[PDB]
Every structure is written in structure tokens, then in C-alpha cells.
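One chain is shown next in C-alpha cells, namely the form deposited in one PDB entry.
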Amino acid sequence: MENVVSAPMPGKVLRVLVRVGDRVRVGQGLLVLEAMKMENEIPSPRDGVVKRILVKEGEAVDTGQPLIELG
């Protein structure tokens, strides 16, 4: 899915760091997944604007699951 940031591993959503409409830059933390016994910031792969937030706190996600859509 183009413009979609997806989960790199299974985990639990701890918090979302951005809001719809936010400008983001490559490497910027978009949300935090608990996995591999740690808290992991999931980065933006590119500069952009946050278009949609596709998960909520507490949600269990799988590898490749859409997390954030960029505009």
C-alpha cells in the first residue's frame, strides 16, 4: 500500500505520537509499539503529512498491518 506506514513486527500500540494533519519528517516517531520486550518508536519513512491514523491505543497489530497513512 503506497503512502502507508505498516507494522514491521507484531506488537501492541502504546501511544500515537502524531495527529491527523501533522507534518512529519523521515525518521520522526509516529507511534510506539510494545514488542520484543521493549517500547519501539515506529518512524516515518519519508517527509509528508499525516492523512489517517489507522490504529488505536491497546490494539494488537501484526506484521504489515497498516498503522499510518501519509498524504
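Residue numbers here begin at 1 and follow the sequence given.
Below: the form solved in complex with a partner chain, not depicted.
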> Is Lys51 a contact residue for its partner chain in the bound PDB entry, using a 4.5 Å heavy atom cut-off?
Replying inline: no
> Going by a heavy atom distance of 4.5 Å, is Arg19 a contact of its partner chain in the bound PDB entry?
Replying inline: no
> Any chance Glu57 has a heavy atom within 4.5 Å of its partner chain in the bound PDB entry?
Replying inline: yes
> Might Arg23 be said to contact its partner chain in the bound PDB entry, defining contact as any heavy atom within 4.5 Å?
Replying inline: no
